[PDB]
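Engineer:
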Amino acid sequence: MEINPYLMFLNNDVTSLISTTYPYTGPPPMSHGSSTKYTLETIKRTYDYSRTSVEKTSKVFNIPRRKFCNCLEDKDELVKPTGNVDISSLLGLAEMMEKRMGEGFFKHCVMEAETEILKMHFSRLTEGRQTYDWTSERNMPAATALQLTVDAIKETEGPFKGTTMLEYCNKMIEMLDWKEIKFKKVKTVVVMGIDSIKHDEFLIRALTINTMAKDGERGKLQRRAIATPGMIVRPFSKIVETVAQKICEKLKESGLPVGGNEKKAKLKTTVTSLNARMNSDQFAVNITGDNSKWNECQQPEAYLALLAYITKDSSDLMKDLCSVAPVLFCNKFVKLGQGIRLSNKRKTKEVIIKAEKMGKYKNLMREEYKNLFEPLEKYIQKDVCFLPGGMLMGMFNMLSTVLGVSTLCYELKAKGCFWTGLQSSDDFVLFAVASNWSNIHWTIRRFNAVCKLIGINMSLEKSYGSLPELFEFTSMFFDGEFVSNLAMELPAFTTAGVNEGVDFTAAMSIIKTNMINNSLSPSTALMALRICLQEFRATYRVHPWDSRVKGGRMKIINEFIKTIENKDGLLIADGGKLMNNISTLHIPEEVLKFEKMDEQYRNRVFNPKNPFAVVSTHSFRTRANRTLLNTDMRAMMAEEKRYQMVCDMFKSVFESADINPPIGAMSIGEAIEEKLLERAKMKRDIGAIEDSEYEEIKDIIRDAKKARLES
Amino acid sequence: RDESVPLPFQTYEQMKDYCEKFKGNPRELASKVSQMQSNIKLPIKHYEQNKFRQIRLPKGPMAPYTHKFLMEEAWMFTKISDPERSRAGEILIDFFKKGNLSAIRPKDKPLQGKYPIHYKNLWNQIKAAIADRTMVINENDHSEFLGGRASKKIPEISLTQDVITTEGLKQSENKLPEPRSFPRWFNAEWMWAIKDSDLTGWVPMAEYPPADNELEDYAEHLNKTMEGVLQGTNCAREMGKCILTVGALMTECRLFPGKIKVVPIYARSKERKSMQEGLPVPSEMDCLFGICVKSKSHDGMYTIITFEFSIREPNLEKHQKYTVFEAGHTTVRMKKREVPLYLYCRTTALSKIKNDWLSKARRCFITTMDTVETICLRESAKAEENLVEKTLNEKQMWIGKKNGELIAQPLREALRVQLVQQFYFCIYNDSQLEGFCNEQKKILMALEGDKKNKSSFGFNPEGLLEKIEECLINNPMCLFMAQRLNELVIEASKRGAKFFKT
Amino acid sequence: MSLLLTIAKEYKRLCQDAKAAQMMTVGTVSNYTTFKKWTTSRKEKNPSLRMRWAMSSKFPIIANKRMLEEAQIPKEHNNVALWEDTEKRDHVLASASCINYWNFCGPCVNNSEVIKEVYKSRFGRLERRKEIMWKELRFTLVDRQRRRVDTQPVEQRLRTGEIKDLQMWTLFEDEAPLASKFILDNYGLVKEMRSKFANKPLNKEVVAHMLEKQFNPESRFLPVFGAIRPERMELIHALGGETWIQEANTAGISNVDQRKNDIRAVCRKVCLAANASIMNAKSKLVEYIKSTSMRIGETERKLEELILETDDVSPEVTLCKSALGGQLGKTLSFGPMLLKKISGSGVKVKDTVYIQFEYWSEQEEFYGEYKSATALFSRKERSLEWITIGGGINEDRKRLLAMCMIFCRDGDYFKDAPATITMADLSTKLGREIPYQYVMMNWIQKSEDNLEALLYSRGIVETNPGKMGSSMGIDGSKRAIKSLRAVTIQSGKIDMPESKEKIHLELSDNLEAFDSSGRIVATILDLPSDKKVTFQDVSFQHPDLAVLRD
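Residue numbers (full-length UniProt numbering), protein chains in the order written: chain A, 1 to 190, 208 to 427, 431 to 632, 655 to 753; chain B, 195 to 342, 345 to 494, 499 to 536, 543 to 708; chain C, 1 to 87, 91 to 358, 365 to 559.
#1: Spatial neighbours of residue 695 of chain B within its chain, please: C-beta separation below 6 Å, excluding the five flanking residues on both sides.
#2: Against chain B, with Cβ distances strictly below 8 Å, would residue 69 of chain A count as a contact?
#3: Tell me whether residue 623 of chain B is buried or exposed, calling it buried when 16 or more other Cβ atoms sit within 10 Å of its Cβ.
#4: Buried or exposed: residue 198 of chain C, going by 16 or more other Cβ atoms within 10 Å of its Cβ?
#5: How about residue 336 of chain B and residue 505 of chain B: do their beta carbons lie closer than 8 Å?
#6: Is the number of C-beta pairs between the stretch 437 to 448 of chain B and the stretch 587 to 596 of chain B that are closer than 8 Å three or more?
#7: With a threshold of 8 Å, are at least 3 pairs of Cβ atoms found where one atom belongs to the stretch 499 to 516 of chain A and the other to the stretch 295 to 310 of chain A?
#8: Are residue 117 of chain C and residue 205 of chain C touching if we call contact CB-CB under 8 Å?
#9: Any contact between the stretch 615 to 628 of chain A and the stretch 586 to 597 of chain A? By contact I mean 3 or more CB pairs, one from each, below 8 Å.
#10: At a Cβ cut of 8 Å, what residues of the stretch 689 to 701 of chain B count as close to chain A, listed as they run along the chain?
#11: List the endpoints of the continuous beta strand (DSSP E) containing residue 562 of chain B.
#12: Does the beta-carbon of residue 241 of chain B have 16 or more other beta-carbons within 10 angstroms, so that it is buried, or is it exposed?
#13: Closest Cβ-Cβ distance between residue 49 of chain C and chain B: below 8 Å?
#14: Chain A beta carbons: is any one of them nearer than 8 Å to that of residue 477 of chain B?
#15: Counting only beta-carbon atoms, is residue 356 of chain A nearer than 8 Å to chain E?
#16: Interface residues of chain A around residue 604 of chain B at Cβ under 7 Å?
#17: Pick helix, strand or coil for residue 672 of chain A, following the three-state DSSP scheme.
#18: Check this for me: beta carbons of residue 629 of chain B and residue 269 of chain B, under 8 Å apart or not?
#19: Determine whether the beta carbon atoms of residue 397 of chain C and residue 282 of chain A lie at a separation below 8 Å.
#20: Out of curiosity, what's the CA-to-CA distance linking residue 636 of chain A and residue 42 of chain C?
#21: Taking the straight line between their C-alpha atoms, what separation do you get for residue 666 of chain A and residue 53 of chain C?
#22: Is the Cβ of residue 120 of chain C closer than 8 Å to any Cβ of chain A?
#23: Helix, strand or coil for residue 487 of chain B per DSSP?
#24: Starting from residue 151 of chain C, trace the beta strand (DSSP E) in both directions and tell me its first and last residue.
#25: Could you compute how far the alpha carbon of residue 331 of chain C sits from the alpha carbon of residue 77 of chain A?
As structure tokens, this is what we get:
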């Protein structure tokens with residue numbers, strides 16, 4: 001007989017069982033081969049989507065910049081994605097957005113941003129995703145990249161005393177006119210050293226953007242790679258991102274700065290709002306909108322103009338600090354990647370080629386490669402491709418969504437001329453209302469007209485629509501009911517991986533939070549518990565006392581068991597059975613077991629004088667791998683270790699250093715010295731320490747002050 | 195800045211002026227109507243394209259067995275486990291060899307084989323290793339066996357002369373995967389993974405917590421029943437072996453990197469006996485599927505070599521990657543006869559990621575669970591009564607087709623289906639499938655659109671079906687699900703006509 | 001003794017390294033906050049995998065040497081290695100199992116009392132669960148999807164900047180700024196906390212981190228089912244969700260939940276004091292605020308620092324706050340009703356009509378909050394355009410309907426003139442003419458037929474098929490025989506919006522607050538409760554309440 005699982009979708013409603021369409025139970029995709037193909041293909045797609053043959057030579061680069069907004073070389077295929085933005089009409093959407101909500105809407109939103117940013121310590125820039133370190137020309141965790149960035153400035157032109165985003169940015173802009181810059185670059189000789214560079218190279222290195230072959234993306238055959246910008250570009254990006262965040266927050270129709278459980282209701286409100294809004298004649302209908310090549314269409318060129326429109330009234334001191342972020346993307350450089358390989362029909366000899374040396378091999382490559390390559394030779398450089406108009410993905414999600422909402426925000433007085441809904445970055449939901457069924461077509465049509473007018477391109481293949489009851493948004497499918505799916509939060513359930521006590525109690529609270537928000541049923545969560553437990557026990561190599569299983573950690577338990585009376589009240593880490601449950605998920609195991617623990621046990625386990655929601659009896663550091671230390675990366679880290687021992691030292695002097703950020707108009711050393719003197723005096727005067735020893739301390743302090751002064 | 199501006203204006207100041215002094219009049223209506231004429235945007239209807247040209251499917255050779263282990267045909271070897279002997283898990287085989295295992299040896303002349311002599315040799319090196327210590331003592335055979345290759349590199353700098361003088365035949369090419377056609381076996385595989393095995397429970401599940409009467413009773417009860425159903429299944433078996441073995445490799449990767457190790461393919465199970473008599477015990481044990489070989493190479501992907509026992513005749517159409525031998529004969533019996547033994551051999555690639563996610567196969571239970579439970583609650587919540595127990599036994603789910611007739615089973619046995627489906631989703635996960643589902647949803651939504659008479663529409667269905675087609679390459683599951691979605695579309699079209707049948 | 005020496009010698013060694021010496025000297029101490037941030041502990045790419053990889057080896061874990069040397073044997077009982085001399092950091096490596104041994108056989112006594120009151124937060128959240136009863140059933144529950152409601156409530160809850168001061172003071176004296184505002188006023192809690200924690204030096208970093216959580220209500224955006232008490236929040240999951248339900252809960256609550264309500268009743272009177280004399284309202288209420296002292300269950304605290312920094316915003320509390328510099332926006336109060344503004348805008352305009366009047370001409374959409382009853386309204390050009398009611402009880406729906414119609418303000422507002430001119434017109438408060446919305450409001454609050462009057466003032470129709478569940482009867486039922494126009498009930502509750510905003514402006518001379526350049530948030534006087542009951546409450550300075558004998 002013929003087993004068909006889809007047949008169960010016949011009688012029942014799909015929205016309840018949609019979580020069985022998605023295969024989140026298994027692993028995600030992975031990158032194989034070269035990422036250059038995709039990069040190139042995408043660059044060609046950018047320029048192609050930029051429907052404009054207008055090309056002007058740059059005064060500074062001696063390279064043809066293709067600047068393309070307003071100017072439109074229309075193609076017959078209009079329905080196919082476009083990148084040309086009609087700024088005139090954009091600023092119309094900006095105006096009729098503002099006049100829809102208040103009159104100082106932008107002024108205020110900016111004020112808030114100015115306020116938050118002006119405050120900000122540049123160190124907070126270390127918080128975020130990985131970014132391009134241009135010192136070693138590699139991708140790094142923002143912190144270390146910034147460390148190098150700054151350290152280089154320090155070694156070039158003397159230590160940086162800004163302590164603020166503004167002065168950081170001012171220094172950033174000051175470095176472009178620097179004809180020369182010095183680096184911390186590692187060169188091994190059969208060691209770390211000081212390499213030079215010129216303005217001409219440096220400028221390019223700054224505007225450089227790196228390619229990441231995608232990992233962690235769910236639901237695609239081919240790899241949509243992600244871009245991770247430079248350290249000099251980032252701040253200005255953050256500035257705009259925050260302005261756009263401030264704008265987003267206030268918008269009802271925005272689904273971006275507000276997520277998870279909130280988003281859910283934003284829809285429920287606006288649904289019933291519209292259903293109430295309806296006339297007897299008027300007819301409502303919904304569409305699920307997904308957009309394709311969202312980022313490739315949008316253009317920093319437009320964003321510059323929009324930012325200039327927003328900052329119009331706010332301040333001539335921050336306007337110039339808003340206009341800076343886009344121009345670095347209007348003049349951005351894109352790293353090509355790993356490269357191409359050559360092979361004979363022998364499987365014997367291979368020839369690796371760099372991105373630099375592509376233009377050497379010319380006609381040697383296959384034709385597909387050639388056809389994609391030849392046009393890009395215009396915009397090529399030694400290691401990198403120059404492109405203005407394409408927006409790199411992931412950086413301006415906020416401002417993207419802003420622009421999105423700007424479309425939905427409202431137009432021409434017609435019968436049944438209504439559309440509105442939600443939008444998060446690319447994804448958008450559109451509810452359209454019109455008097456008669458035939459007009460709905462026209463009204464919808466006009467919307468995509470206005471979206472594609474400014475480079476919002478609805479995916480004609482992926483999008484679909486119906487009566488209001490059925491629609492999807494970011495893996496959230498609607499009806500009368502409200503999307504029961506656990507598919508979203510599946511890999512989070514498993515052991516987090518810090519420490520035994522922390523892991524399980526976290527895992528629990530996770531199961532809880534999920535059970536509330538994602539609306540999973542209880543037996544589900546019980547199973548989840550029993551699983552997370554088993555995988556915990558496996559991950560930490562522990563098992564129950566009553567379990568027959570023998571092992572290293574278990575062998576002790578065989579002498580342990582006989583002493584303790586209440587064997588059930590034992591912790592899991594020490595071989596105890598499960599005591600927690602669905603009801604007790606809020607409660608950490610330690611607490612729930614605590615009362616029923618054996619007096620010897622509880623006192624012996626938790627004792628603070630030890631070799632050892656967050657629970658404290660077990661807290662340990664995981665040893666770093668012997669991988670980063672073997673390469674040249676350590677020769678660089680030689681700096682980072684000089685930051686460590688100092689911080690570890692200061693923390694030994696001031697106990698509240700980690701908890702309360704140290705403040706006051708003093709140097710670190712000056713405070714250290716005086717504090718040491720104070721403690722020395724305190725211990726001498728009344729406590730149990732000798733005088734000559736105190737004088738010996740004083741001597742060490744002053745002898746330190748000399749060596750401190752000499753520098 | 196002064197040359198980053200979009201407009202005909204070159205200086206920033208002028209762009210600034212046009213921005214600051216902007217007041218937009220309603221000409222955007224005309225701009226939008228002109229945009230509309232130029233658009234020719236497709237005002238699509240569902241009744242017109244309701245066909246969706248059924249679903250396109252690739253033609254060629256029948257798709258092969260992508261799963262790292264064989265399921266249906268795979269054979270077991272039973273061993274009654276000691277807590278202190280079995281604890282090692284690595285010694286399991288060492289204690290197996292003292293049994294019959296040592297006797298089995300294949301002939302040099304194999305059925306359907308690709309590289310006989312290598313595998314035959316290796317087998318002997320495994321068997322030889324097991325006696326002394328479960329590590330293959332080879333420096334050179336390892337490098338070949340990994341290869342079955346390296347490609348020596350040449351600097352660009354010196355290459356300039358060999359471009360000017362073209363020698364070694366210099367060229368550049370990249371390759372694509374060959375498309376395959378819909379599998380037949382897969383159905384039988386599913387039908388086997390559904391039914392209950394004689395052995396009781398595979399996946400090690402932890403204890404149950406203390407419970408309050410109000411919720412814990414319900415949860416504990418539901419869990420005990422569901423686990424009780426799904427532990428007996430063959431699907432669970434394979435989960436068990438996956439977990440236990442991939443776990444064993446995951447250790448070995450830390451234990452002995454850059455080394456060649458013999459790792460078993462085993463699963464743990466306890467046999468349950470409810471004849472109503474006081475038996476010695478329910479039998480506590482572990483059973484073996486075959487032997488596996490580690491080879492660390494390339499950080500990156502590990503290369504793995506699988507050897508499985510089987511009692512069934514091989515099929516060239518699906519086992520094309522597999523290399524088969526005639527091993528000998530094994531004894532099988534029952535009472536209210544010894545059959546020839548075949549040894550299946552292959553080589554595969556395992557990413558650390560794949561090791562990680564395939565080692566945690568338990569997850570599949572949960573995604574089923576939610577899906578199962580929710581139905582019972584949604585049902586029971588209407589009548590405001592405890593309809594869980596009733597719903598589970600009385601609610602009928604459409605499971606398959608037989609003799610041209612639509613069949614349905616109770617949710618407790620049509621649960622197994624979901625579990626299998628979710629397990630296959632774990633095993634057969636290729637970027638193909640990912641895309642397949644993530645474009646498939648749109649079909650389902652359009653379908654349920656037609657169900658409740660919502661008069662749907664899809665803008666470029668040819669384009670959708672092209673993206674669906676595009677992601678259908680060589681993925682047995684991915685294809686299976688397509689072909690099944692066809693039959694769905696068909697039977698749905700038969701119930702309520704907003705679709706096509708060829 | 002050498003403990004202080006070796007640090008100094010370390011300082012000596014570090015300031016000799018010129019590279020470290022300069023960076024130690026240049027700039028403020030704040031730099032530390034940055035310097036720490038230039039260390040991620042390790043790579044965080046594959047979390048679960050990394051840990052499964054980590055624990056697989058026998059000796060990976062970093063551990064403390066000295067204490068284990070001091071207290072217990074490093075060698076094993078079963079002859080498997082535990083300890084070495086091999087190393091960069093001072094912490095020497097050891098096996099995982101050892102940790103379990105010292106737990107078993109380590110020599111330690113009398114820590115039990117020390118623990119719990121450190122995590123009174125958690126331990127209490129346990130204690131509360133003991134005291135409750137149980138019951139089990141099922142239903143297609145309609146939950147209240149979004150309430151920004153305090154969860155994990157604890158007595159004496161406070162803001163993040165101030166709690167940090169406490170943290171600092173209770174941690175260690177040696178390095179603490181002499182922070183006045185919090186310490187002078189909220190001293191006493193300072194005593195208690197500092198006393199129980201400063202004496203026994205244990206887990207210095209941890210305790211501080213857990214106190215931060217100990218006085219922080221996690222005011223998240225969550226789905227609740229009518230049980231809006233911040234105690235039931237903590238453990239909603241076990242209580243319910245969309246198809247589950249539990250019982251016998253209301254009982255066991257902390258002493259905070261009522262104590263907030265008490266403060267509302269305080270603020271009520273403190274506002275009546277300023278109502279009594281309309282010579283000035285600005286300069287006098289502030290006095291009554293700053294003077295008044297509150298007594299919490301275990302601590303004396305000023306009224307100012309409660310009012311300014313209370314979570315719950317009642318119509319009174321808004322007025323109390325308005326006197327001080329306390330930004331608490333996103334709140335709209337009207338009589339007993341609470342409102343939120345979601346759409347559109349327009350200007351205040353003057354319109355005289357026969358019974365001056367202030368009317369708004371906005372196509373505005375707003376949310377209606379009343380006891381046991383939520384709803385959604387939209388007004389355009391002084392009249393209700395669209396309406397929907399998601400209430401529980403029939404009466405409270407009617408109350409919603411009425412209250413929202415008042416604020417709406419139609420032409421039928423003027424038509425109903427039983428009395429008013431006699432009493433409601435002129436308020437007997439130094440000859441002050443009370444605003445007009447509130448006049449009719451009070452006219453409706455007066456009697457039972459006054460509700461019926463305006464309820465009938467709306468257009469009434471026999472509703473159509475396709476509106477039987479939706480139609481609203483005059484008595485508050487869903488019968489749909491006869492029903493009100495421009496209104497529909499919803500079978501289920503209505504969701505509440507939220508905004509992360511702060512707005513504040515000065516108040517007018519008649520207890521009005523023209524905040525955000527208009528908007529009439531203050532409602533003047535919400536409720537005329539002429540009562541004077543207090544418990545354990547302090548007052549001072551010519552308070553106009555006679556509790557002072559000669």
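The beta carbon of each residue, even a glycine, is placed where N, CA and C say it ideally should be.
Structural biologist: Let's see:
#1: To locate residue 695 of chain B, count along the second sequence from 1; it is residue 489. Hits under 6 Å: 705.
#2: Translated into positions along the first sequence, residue 69 of chain A becomes position 69. By this cut-off, residue 69 of chain A is an interface position.
#3: To locate residue 623 of chain B, count along the second sequence from 1; it is residue 417. Burial call: buried.
#4: As a first step, residue 198 of chain C is located in the third sequence; it is residue number 195 there, counting from the start. Classification for residue 198 of chain C: exposed.
#5: Position 142 of the second sequence holds residue 336 of chain B. Position 305 of the second sequence holds residue 505 of chain B. It is not a contact, given that the beta carbons lie outside the stated cut-off.
#6: no
#7: no
#8: Looking up residue 117 of chain C in the third sequence gives position 114. Looking up residue 205 of chain C in the third sequence gives position 202. Contact: yes.
#9: yes
#10: 690, 691, 693, 694, 697, 698 and 701
#11: By 1-based counting over the second sequence, the position of residue 562 of chain B is 356. No beta strand (DSSP E) holds residue 562 of chain B; the alpha helix (DSSP H) holding it covers 558 to 565.
#12: Against the second sequence, residue 241 of chain B aligns to sequence position 47. Exposed is the call here.
#13: If you number the third sequence from 1, residue 49 of chain C lands on position 49. It does; some Cβ of chain B falls within 8 Å.
#14: Position 281 of the second sequence, counting from 1, holds the residue named residue 477 of chain B. Not closer than 8 Å to any Cβ of chain A, the Cβ of residue 477 of chain B fails to qualify, so no.
#15: In the structure shown, chain E does not exist; the protein chains are A, B and C.
#16: Within the second sequence, the letter at position 398 stands for residue 604 of chain B. The contacting residues are 7, 8, 10 and 11.
#17: By one-based count along the first sequence, residue 672 of chain A stands at place 630. If DSSP states are grouped into helix, strand and coil, residue 672 of chain A belongs with coil.
#18: In the second sequence, counting from the first residue as 1, residue 629 of chain B sits at position 423. In the second sequence, counting from the first residue as 1, residue 269 of chain B sits at position 75. Against a cut-off of 8 Å, the Cβ pair of residue 269 of chain B and residue 629 of chain B comes out as no contact.
#19: Position 388 of the third sequence holds residue 397 of chain C. Position 265 of the first sequence holds residue 282 of chain A. No, these two residues do not count as a Cβ contact at 8 Å.
#20: Because chain A is numbered 632 and then 655 with no intervening positions, residue 636 of chain A cannot be located in this model.
#21: Stepping through the first sequence from its first residue, residue 666 of chain A is reached at position 624. Stepping through the third sequence from its first residue, residue 53 of chain C is reached at position 53. Taking the straight line from one Cα to the other gives about 12 Å.
#22: Stepping through the third sequence from its first residue, residue 120 of chain C is reached at position 117. With 8 Å as the cut-off, residue 120 of chain C does not count as an interface residue toward chain A.
#23: Here residue 487 of chain B corresponds to residue number 291 of the second sequence, with the count starting at 1. In this structure, residue 487 of chain B counts as strand in the three-state DSSP scheme.
#24: The count along the third sequence starts at 1 and reaches residue 151 of chain C at position 148. It spans 147 to 151 - the beta strand (DSSP E) in which residue 151 of chain C sits, taken as one unbroken run.
#25: For the purposes of this step, residue 331 of chain C is taken as residue 328 along the third sequence, with counting starting at 1. For the purposes of this step, residue 77 of chain A is taken as residue 77 along the first sequence, with counting starting at 1. Rounded to the nearest whole angstrom, the CA to CA distance from residue 331 of chain C to residue 77 of chain A is 54 Å.
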